[PDB]
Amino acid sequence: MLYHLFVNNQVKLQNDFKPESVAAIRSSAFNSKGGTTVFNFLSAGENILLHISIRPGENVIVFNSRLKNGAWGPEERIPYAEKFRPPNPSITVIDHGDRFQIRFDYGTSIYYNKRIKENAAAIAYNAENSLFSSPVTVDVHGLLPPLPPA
């Protein structure tokens, strides 16, 4: 299923993003001078199941969760440098049931254990001076598709 997720907006998923589900986020540009760019996986109740904060100017990507009206939990971080590949940087999120797998263009995957057991109903995109394009292409799968030889 294809979606065009615009900045400072979101897309309501046709089906719940649940275990086995794959979200392929791809940008049609890379604005090297952009600022903090955020991507949230929200539940039907608007809880933030997976928060990804891409901070170029702090050289770190922060992962967290929080309930609609709750506080943030502990931050899980990683170096921002050499993760994205211009001109079409991408982010791939896979629900492995007990945790999420987030793969960027470079480096090994980041594993985030689930903190709020609920499936995702929507994907949000927030940033004032986005690091990526608007919209970004999002192809959500019900499961891993057949893979090409390369």
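All residue numbers are counted from 1 along the displayed sequence.
- Comparing the deposited coordinates for 47-55 and 79-87, the stretch with the larger average C-alpha B-factor is 79-87.
- Between the residues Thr108, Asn40, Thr92, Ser27, the entry's highest C-alpha temperature factor is the one at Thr108.
- When the C-alpha B factors of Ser133, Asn126, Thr137, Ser21 are read from the deposited coordinates, the top value falls at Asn126.
- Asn64: CA B factor lies in the middle third for its chain, per the PDB record.
- When the modelled residues of the chain are ordered by their C-alpha B factor, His96 lands in the middle third.
- Ranked within its chain, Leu5 lands in the lowest third, by CA B factor from the PDB record.
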